[PDB]
Amino acid sequence: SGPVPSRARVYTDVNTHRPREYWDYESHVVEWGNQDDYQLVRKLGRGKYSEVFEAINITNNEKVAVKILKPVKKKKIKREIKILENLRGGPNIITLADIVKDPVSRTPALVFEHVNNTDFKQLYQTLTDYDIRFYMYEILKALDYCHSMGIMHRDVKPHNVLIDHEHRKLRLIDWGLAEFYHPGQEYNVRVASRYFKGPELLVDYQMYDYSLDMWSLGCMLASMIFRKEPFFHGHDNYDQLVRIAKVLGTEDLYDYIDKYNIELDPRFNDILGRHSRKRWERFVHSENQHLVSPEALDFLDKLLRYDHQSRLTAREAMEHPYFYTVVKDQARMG
Ligand SMILES: Nc1ncnc2c1ncn2[C@@H]1O[C@H](COP(=O)(O)OP(=O)(O)NP(=O)(O)O)[C@@H](O)[C@H]1O
Ligand SMILES: [Cl-]
Ligand SMILES: [Cl-]
Ligand SMILES: [Cl-]
């Protein structure tokens, strides 16, 4: 009589229907490239698990990007490599062009297509309402694609979305926490960034699915339309669920837990208490009111729901009328 099972509403068996080797990434054998074929130009930044550099492919002088992984188990390296290989060709996902080793460290050096080192998080200040819709749809293409190829990103956040605003091109990056979805598998909840974690991770519900990403995307949307960064600003893991409950109310939270018979720390129950559902209009101010339309609020509602199985899928999100006009975009660069 543990917690109740769950299987994804969409793309449930896509990995099942594929050959083993599609998803059995521990078995993958990396083909190494020519390390003397890429020379680093300059440092573009970093992350908790990589150094990213602009570089050049010398055999044709083409511009690339090179992510040098810090040390770390080969299990994950093969997982990120296989995923990136599987997704190559998909809309708006970063293209893996080679893997080589760092000359001195001998660690893997992932060659990608070059983008601008400019992300969605940098552009929060300036985006018109049309542009928020537009880029949101571009991210959805990536999620729908990855989810349909059996893959959960599990780290959707503005830092992980590169935008070339000049060319109106977005790529979803940082697949290092991505995993393959298998109905009935339990996944670690130490995925994603505090502010973008679904209530499932926050209550240790491990039989989660692609719909985690859809919560994270809702959280990104909310910060952008309300100009509050982040939107749910939890100071620790438990406080993250308390902040969500202060907006979305506790009655549905407690209905979600008893839906899936999840075991919550009694003492943490006491901390949550009872919070009434705030109407999404509470966070409208003069400074953000031009970003907030009824279709925006309806879309967010359908994303920010405690029950992972209730949230819009990427495809259903793509059909939502928040994207009615922007799908007709006439592709003006300037
Ligand atoms: N293909 C790329 N083109 C340009 N910049 C990139 C590219 N990939 C990553 N970066 C840059 O790296 C900096 C930090 O990105 P980061 O999230 O570290 O990417 P990552 O290479 O996936 N690293 P990690 O988080 O360790 O996996 C940002 O300024 C990004 O612009
Ligand atoms: Cl971020
Ligand atoms: Cl995992
Ligand atoms: Cl989906």
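Sequence positions for chain A are given in Swiss-Prot numbering; the residues included correspond to 2-335, in order.
If you check the header, you will see the structure was determined by X-ray crystallography, 1.7 Å.
Note: Cβ is positioned from N, Cα and C throughout, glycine not excepted.
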(message) If I go by Swiss-Prot, the feature region 'Interaction with beta subunit' sits on one of 12-17, 36-41, 78-83, 282-287. Which?
(response) 36-41
(request) Name the one residue among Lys64, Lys68 that Swiss-Prot lists for the same ATP site as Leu45, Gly46, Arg47, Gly48, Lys49, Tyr50, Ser51, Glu52, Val53. (result) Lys68
(request) Of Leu45, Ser51, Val53, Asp156, the recorded positions listed, which put a C-beta under 6 Å from ligand 1? Please answer none if none do. (result) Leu45, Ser51, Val53
(request) Would you list the other residues of this chain near ATP - those whose C-beta lies within 8 angstroms of the C-beta centroid of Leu45, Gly46, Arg47, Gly48, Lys49, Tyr50, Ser51, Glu52, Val53, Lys68 - in sequence order? (result) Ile69
(message) For the C-alpha pair, I'd like the distance in angstrom between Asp156 (active site, proton acceptor) and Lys49 (ATP binding site), rounded off.
(response) 13
(request) Would you work out the biggest C-alpha to C-alpha distance among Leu45, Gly46, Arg47, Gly48, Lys49, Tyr50, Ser51, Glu52, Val53, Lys68, the residues that bind ATP according to the record, and give it in angstrom as a whole number? (result) 14
(message) Cβ atoms within 10 Å, counted per site: which of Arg47, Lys49 has the most, among these binding-site residues?
(response) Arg47
